[PDB]
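Asks: An experimental structure, sequence included, is below.
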Protein chains: 2
Amino acid sequence: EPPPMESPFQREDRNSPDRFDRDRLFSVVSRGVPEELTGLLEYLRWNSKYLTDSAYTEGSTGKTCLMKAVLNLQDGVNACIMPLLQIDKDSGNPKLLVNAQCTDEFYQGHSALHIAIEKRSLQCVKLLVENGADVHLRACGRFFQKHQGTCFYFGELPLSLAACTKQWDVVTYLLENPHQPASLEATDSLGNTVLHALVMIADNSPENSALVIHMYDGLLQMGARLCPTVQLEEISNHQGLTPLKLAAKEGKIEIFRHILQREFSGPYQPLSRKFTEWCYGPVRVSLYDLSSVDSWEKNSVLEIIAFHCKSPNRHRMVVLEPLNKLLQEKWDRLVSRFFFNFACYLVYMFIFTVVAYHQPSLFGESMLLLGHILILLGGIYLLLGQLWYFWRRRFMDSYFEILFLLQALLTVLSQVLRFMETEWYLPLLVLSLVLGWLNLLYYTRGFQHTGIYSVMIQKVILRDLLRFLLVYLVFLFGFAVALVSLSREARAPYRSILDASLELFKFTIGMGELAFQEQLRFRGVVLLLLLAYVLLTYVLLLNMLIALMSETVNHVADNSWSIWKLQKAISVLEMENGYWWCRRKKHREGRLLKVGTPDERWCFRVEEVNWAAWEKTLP
Amino acid sequence: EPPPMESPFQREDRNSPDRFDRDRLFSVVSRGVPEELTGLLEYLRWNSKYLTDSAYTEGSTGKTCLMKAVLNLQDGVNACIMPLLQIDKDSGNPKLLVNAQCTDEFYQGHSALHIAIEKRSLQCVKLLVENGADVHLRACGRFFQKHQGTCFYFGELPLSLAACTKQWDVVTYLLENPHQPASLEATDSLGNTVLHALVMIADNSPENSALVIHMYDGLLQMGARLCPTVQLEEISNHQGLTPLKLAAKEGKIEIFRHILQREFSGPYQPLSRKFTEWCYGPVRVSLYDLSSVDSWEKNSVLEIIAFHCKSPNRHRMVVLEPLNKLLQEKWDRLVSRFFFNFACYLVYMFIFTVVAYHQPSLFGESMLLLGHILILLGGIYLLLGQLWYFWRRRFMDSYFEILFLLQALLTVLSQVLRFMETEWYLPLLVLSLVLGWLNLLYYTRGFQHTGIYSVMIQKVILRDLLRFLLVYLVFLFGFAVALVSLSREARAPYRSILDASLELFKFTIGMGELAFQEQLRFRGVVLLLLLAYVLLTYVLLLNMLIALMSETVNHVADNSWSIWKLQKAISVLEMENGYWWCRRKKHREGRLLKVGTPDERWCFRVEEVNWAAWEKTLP
Ligand SMILES: C=C(C)[C@@H]1CCC(C)=C[C@H]1c1c(O)cc(CCCCC)cc1O
Ligand SMILES: C=C(C)[C@@H]1CCC(C)=C[C@H]1c1c(O)cc(CCCCC)cc1O
Ligand SMILES: NCCOB(c1ccccc1)c1ccccc1
Ligand SMILES: NCCOB(c1ccccc1)c1ccccc1
């Protein structure tokens, strides 16, 4: 268990002229008086130690006397910090105590400047900075990393901590002091910068969103005038993302939306992304920026939303522009490939159904052999394509992206059984055929009127059905074992465990026997136990029905269009790569315009019409 | 792709003493200074060109320099417009540049006056009008026409555009200027007048409704004093409608309600429609106006609501008065025809059932032959009536209006089979019989206690059932093909595709086999595939049930009375024409009263009692 960093009740632990112990030092510093600090210098120069040694620190963490001074800050000002740092300078230690930090696993690197910044005191921050404290000390402990349980994640920097805490004066003093200037370009471990730490502390609540949007714009505006020669929104962390991509991956929708369509009028225009070129009543035409939003480059916002994301908000980022217009422009160009692919799959499935039906038992024979050869070639091509897709991609939207493989694999496996002349090529093949018709359902995603209907009608969750089936199946097996064990002595029904399981399952499709057998010694108890099974199956079925109804009473129904748009987006980004043998050359979208200053950016126009805002701007 | 009409970033395109190119002209006009316009006149008189030629315009659209001047309007005033028009006048061109307009397809006819009116600047409008610009220039491009996608529909006139934008000062200046007076009577393409364009931009939202009601009343009041000799609410567009009928057709309920019962006290009384004659406590008697609201004339509000309308708000216009009282007065007079028609149909159906039941296999014989003759005559009369109804009418309310035809057609077709002595007159006839009993259900619309019950009990949508049946039927056919293909090799059930389809459908009515067949080589896989079919049919049925319940949970239930009133209104307006052989003379309803001034109007009194408003007017 990690010790607390300061505690008024639990004392510190030493576990790793006059005598002046560390306990008296902590006692006089915690109260906060400088008169009783006399005699420290003479004692240190007699014992030939330094104030940052192992004697004067909590050995379990590494907390020095200065951090106890700052942690006992009363009314924002401590009168002991200045003489303590002065006598530390007079001691002549090589390692300065102002920038000392802990060495424990929990609070590694946690300096005094972080404590002074968190205590919302500009005076202690000024006293620490003016006495030679570096402003790039990283807090690398487990307590300052994003994980479940007890943690407070910030960007492991004094400036990041000042940014996450909404205090503006401390951010300004760190950014433009003469004694020790910080930098917005400085990075911690995991590669994050201060524009990343704001994104990773965002939330979908409106207050936290307003906080992080305001402070993100503020830091970007100060980065415009402090270090204009560097693009602050293009520095990459160790995963390879940028702040826009990191907003896309984590599921933070609000700061992602604000970053995607921010606009500042005036001198701060060159760092905008949404430029409006004309507007006529309700219609407004805006030139959005496709820098790392299109799929022509490497991992971008579209692919990160499509594949590398696990969040319930991955279906609402697609709807907001300029992702909606971009994916609509991609779909209106690549719908022909989808329809031709669907027609080829339908022709392959028709020839499969013909071969499976008109088949001899164990010109027409030559036609059927050509059909078998064509089925084998189609199955091996589909198998190669699906194995390519999995190997490149190294969850319900991927559901139909695995069954294809089964409809491939079984098929080719069935055909090698046909080449082995066994008596099992007929089940697996026709089993494949059943799966194949189910596998056609994915191709409803390409048409509007049936795609919206499919997304609207999928009103049950798969995990609920697969849990209920498992519970009912264990129930059936247990009662089947009991019924076989009960009916062994004659005065025959329920002879084996499988037959008794079938005759028990027959009560769910609606045809059960339920009578005196007149062949069993214990036929009354058999009837009683069957009555118990019926009365329990009805409770289980009613519970499942009630649970599904309670699930479907209270949810919003507007997500149908968003989910359909996401499914179409995944299919578009899949087809944009091309086939595994005819790799499609990626076509850059947008036009290279000149906005501001020679600032040449890729731009993409969208024409949005909205009568409500136009009615609002009217008198 | 159409080019933008102005764009600060994308430059214009030429695609269709000192030199003074069009690029320098656009550069100096866009900034907005007049000092650098010097030397233009000498250059134009040396090169013998004009300022509106092809050289000085964006050839892709036809945009002139003046429209670039107005589109770069800063703080409402440009100092360049006045010298530009002055030097255009000094150039001596035959075609004036002030009223020049585009010639592209997308922005056809879009003048500078439209831009100045949209920019909400009275000063630029005054400068354009005073320098000789006609006020009847029509914007005929696709961008200014009502269609899906990107469009801004107004009445293609400067006055209509000033009317749709809620600005009052520009409307007044266009209406009463001495330099170039506009007119409320002027019409664009599609025949619309200014009062029509207000209706076609209306909406059911309260803010837009309040805007359009206020501005409609305002323009009507100004039309009272500018051009009193013309009725502004009687001009017909090219479809033949008036503003009231256009409000009825499009589904705009709020402006339709306001137009139907507007009243102004004082000097503006003669243009009202609802006159109150007396009011005593709560009861109030009002003389509404039946000008184009009754069905005695040509296409009126009642017929346009009844037939020529496709909107979800066609069942709420009937409930609001004076349509409610009018249709109640029609129904209380024409209920006898409905009941006599129902009794005649019931007698015809009883004789049909008797003939279908007491029929010999392949005095009583003469009676049955007379019954057959009467069935043939009734069927041919009903067929002639229904063919008349379709040919004159050249959707669920029309559903029962087609099945009659089938109950006609099959019947007469069955009888000609009886005259052909074939072995198929017995199925079709009795099939007709079944349909006819279903065809009786439409006649529940005439009685209150069962009509409200029928409208209340119709709680399912037909398209959902017809989609679910299609999905389940494809499912059944696919599994039937698989089951026939699997069971071919003996060690018999499931022999043909139709029999296997029937034995698979038997799991839905609640009687399935589900056992080891002991006759098939692959009987275990047959059992497994039947289990798969059962487990999938239950998922599909549960999904359909959940979807219907979710559609049922969250909806308003007050629409039963409105839908029943609409159905009764459709039946009344159908019977008012009369039979196809005894065309009923149309009877004018209301009385010819004299209200205001000799203003003789058809009027219809309604007695409305409402305790709530009377409680509000009390202290
Ligand atoms: C309302 C339910 C869920 C069913 C509806 C069908 C009928 C006949 C019985 C009801 C029922 C009970 O009312 C109570 C139990 C629990 C007692 C089990 C004793 C072994 C089971 C049980 O199926
Ligand atoms: C709760 C439902 C919808 C039914 C209720 C009746 C019973 C016995 C089974 C349930 C059920 C599953 O719980 C899961 C599936 C999907 C797995 C199919 C495997 C081929 C189907 C499936 O009918
Ligand atoms: N009064 C004789 C039956 O009328 B029905 C009826 C009677 C009173 C109130 C409402 C309806 C009726 C019964 C079943 C279906 C439809 C109508
Ligand atoms: N148009 C032919 C059938 O299309 B379907 C359809 C038609 C119109 C609107 C919506 C869907 C369809 C029917 C059942 C299931 C899925 C789709």
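Replies: Sure thing, it's come through. Residues are numbered from 1 along each chain as shown, chains lettered A, B, ... in the order given. Ligands and ions are numbered 1, 2, ... in the order given.
Asks: Mind listing residues that contact stretch A:599-618?
Replies: A:270, A:275, A:277, A:281-291, A:294, A:321-322, A:325-326, A:588-595, B:4, B:9, B:150-152, B:165-166, B:203, B:205, B:207-208, B:211 (Cβ atoms under 8 Å, 6 or more residues apart in numbering or on different chains). No exception for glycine: its C-beta is placed from N, CA and C like everyone else's.
Asks: neighbours around residue A:11, how many?
Replies: When neighbours are defined as other Cβ atoms under 10 Å in any protein chain shown, residue A:11 has 9 of them.
Asks: Get me the contact residues on chain A for ligand 4.
Replies: Within chain A, the positions adjacent to ligand 4 are A:449, A:450, A:453 by Cβ under 6 Å from any ligand atom.
Asks: Show me where the stretch 51-200 of chain A has its helices.
Replies: Using DSSP state H, counting those that start in this stretch, the helices of the stretch 51-200 of chain A run over residues A:65-71, A:81-91, A:112-118, A:122-130, A:158-164, A:168-175, A:194-200.
Asks: Out of those helices, the one nearest ligand 2 is which?
Replies: Among those, helix A:194-200 comes nearest to ligand 2, with 38.8 Å by Cβ to the nearest ligand atom.
Asks: what's the closest one packed up against?
Replies: If you count contacts as 3 or more Cβ pairs under 8 Å, 6 or more residues apart in numbering or on different chains; DSSP states H and E, helix A:194-200 packs onto helix A:158-164, helix A:206-226, helix A:243-250.
Asks: Pick the most buried one from those.
Replies: Among these, helix A:158-164 has the highest mean neighbour count (mean count of other Cβ atoms under 10 Å in any protein chain shown), at a mean of 27.
Asks: Can you tell me how far residue A:586 is from ligand 4?
Replies: 34 Å (Cβ to the nearest ligand atom, to the nearest Å).
Asks: What is the neighbour count of that residue?
Replies: 13.
Asks: before we move on, what about residue A:188?
Replies: Residue A:188: 23 neighbours (other Cβ under 10 Å).
Asks: Excluding sequence neighbours, find me the nearest residue to it.
Replies: The spatial neighbour of residue A:188 that comes closest, neighbours along the chain excluded (Cβ to Cβ, 6 or more residues apart in numbering or on different chains), is residue A:156 at 3.7 Å.
Asks: Residues of the stretch 151-300 of chain A that sit close to chain B?
Replies: A:275, A:277, A:278, A:280, A:281, A:282, A:283, A:285, A:287 (Cβ under 8 Å from any Cβ of the partner chain).
Asks: Give me the buried entries from these.
Replies: Neighbour-count burial (16 or more other Cβ atoms under 10 Å in any protein chain shown) applied to these gives A:275, A:277, A:280, A:281, A:282, A:283, A:285, A:287.
Asks: quick one, phi/psi of the residue of the stretch 1-150 of chain A found nearest ligand 2?
Replies: The stretch 1-150 of chain A approaches ligand 2 most closely through residue A:148 (31.5 Å), counting by Cβ to the nearest ligand atom. Main-chain torsions, residue A:148, degrees, to the nearest 10: phi -70, psi 150.
Asks: How many residues are close by it?
Replies: Neighbours of residue A:148 (other Cβ under 10 Å): 5.
Asks: Spit out the contact partners of it.
Replies: Going by Cβ under 8 Å, 6+ apart, residue A:148 touches no other residue.
Asks: buried sites along the top strand by length along chain A?
Replies: Longest strand in chain A, counting residues (DSSP state E): strand A:600-609. Within strand A:600-609, the residues that qualify as buried are A:601, A:602, A:603, A:604, A:605, A:606, A:608, counting by 16+ other Cβ under 10 Å.
Asks: Counting only strands, which of the buried ones among the residues of the stretch 151-300 of chain A next to chain B make the cut?
Replies: Among these, the ones falling in strands (DSSP E) are A:275, A:277, A:280, A:283, A:285, A:287.
Asks: I'd like those laid out as CSV, including distance to residue A:26.
Replies: Shown next, in CSV, are those (distance: Cβ to Cβ, whole Å):
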residue, distance to residue A:26
A:275, 59
A:277, 66
A:280, 72
A:283, 70
A:285, 67
A:287, 62
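Asks: where along chain A do the strands fall?
Replies: A:275-280, A:283-289, A:591-594, A:600-609.
Asks: Mind listing the strands the longest one pairs with, and their directions?
Replies: If I follow you right, that is strand A:600-609. strand A:283-289 (antiparallel), strand A:591-594 (antiparallel) (DSSP bridges).
Asks: quick check, distance from the shortest one to the centre of its chain.
Replies: Here strand A:591-594 shows a centroid-to-chain-centroid distance of 33 Å under the convention Cα atoms, centre = their mean, to the nearest Å.
Asks: ok, and what's touching it?
Replies: A:287, A:600, A:601, A:602, A:603, A:604, B:9, B:10.
Asks: Would you check how far apart residue A:600 and residue B:219 are?
Replies: Distance, residue A:600 to residue B:219, using Cβ to Cβ, to the nearest Å: 50 Å.
Asks: what sits against the residue of the stretch 451-600 of chain A found nearest ligand 3?
Replies: Nearest residue of the stretch 451-600 of chain A to ligand 3, counting by Cβ to the nearest ligand atom: residue A:549, 28.3 Å away. Counting by Cβ under 8 Å, 6+ apart, residue A:549 makes contact with B:546, B:549.
Asks: Same check on the one 4 residues further on?
Replies: With contact set as Cβ under 8 Å, 6+ apart, residue A:553 has these partners: B:550, B:553.
Asks: Any part of stretch A:325-337 near chain B?
Replies: No. Using Cβ under 8 Å from any Cβ, stretch A:325-337 stays clear of chain B, coming no nearer than 10.9 Å.
Asks: For that stretch, buried residues please.
Replies: Quick answer for stretch A:325-337 (16+ other Cβ under 10 Å): A:326, A:327, A:328, A:329, A:330, A:331, A:334.
Asks: Check what contacts that stretch and list those residues.
Replies: The contact list for stretch A:325-337, computed with Cβ under 8 Å, 6+ apart, reads A:290, A:293-294, A:302, A:318, A:446, A:565, A:568-569, A:572, A:575-576, A:589, A:604, A:606.
Asks: How about stretch A:289-302?
Replies: So stretch A:289-302 is contacted by A:240, A:242, A:244-245, A:248, A:260, A:273-275, A:303, A:308, A:322-323, A:326-327, A:569, A:573, A:576, A:586-590, A:601-604 (Cβ under 8 Å, 6+ apart).
Asks: Pull it out as PDB, backbone CA atoms only.
Replies: Provided in PDB are the C-alpha atoms of stretch A:289-302 (Å, rounded to 0.1, in the frame of the first residue of the first chain):
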ATOM      1  CA  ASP A 289      -9.600  21.600 -44.200                       C
ATOM      2  CA  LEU A 290      -8.700  18.000 -45.200                       C
ATOM      3  CA  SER A 291      -5.400  17.800 -43.400                       C
ATOM      4  CA  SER A 292      -5.300  14.300 -42.000                       C
ATOM      5  CA  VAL A 293      -9.000  13.800 -42.400                       C
ATOM      6  CA  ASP A 294      -9.000  12.000 -45.800                       C
ATOM      7  CA  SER A 295      -7.900   8.400 -46.300                       C
ATOM      8  CA  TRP A 296      -5.300   9.300 -48.900                       C
ATOM      9  CA  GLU A 297      -2.500   9.600 -46.300                       C
ATOM     10  CA  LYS A 298      -1.600   7.200 -43.500                       C
ATOM     11  CA  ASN A 299      -3.700   6.500 -40.400                       C
ATOM     12  CA  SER A 300      -6.100   9.400 -40.400                       C
ATOM     13  CA  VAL A 301      -9.400  10.400 -38.700                       C
ATOM     14  CA  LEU A 302     -11.500   8.300 -41.000                       C
END
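Asks: Would you mark the buried spots in it?
Replies: A:289, A:290, A:291, A:292, A:293, A:294, A:295, A:296, A:299, A:300, A:301, A:302.
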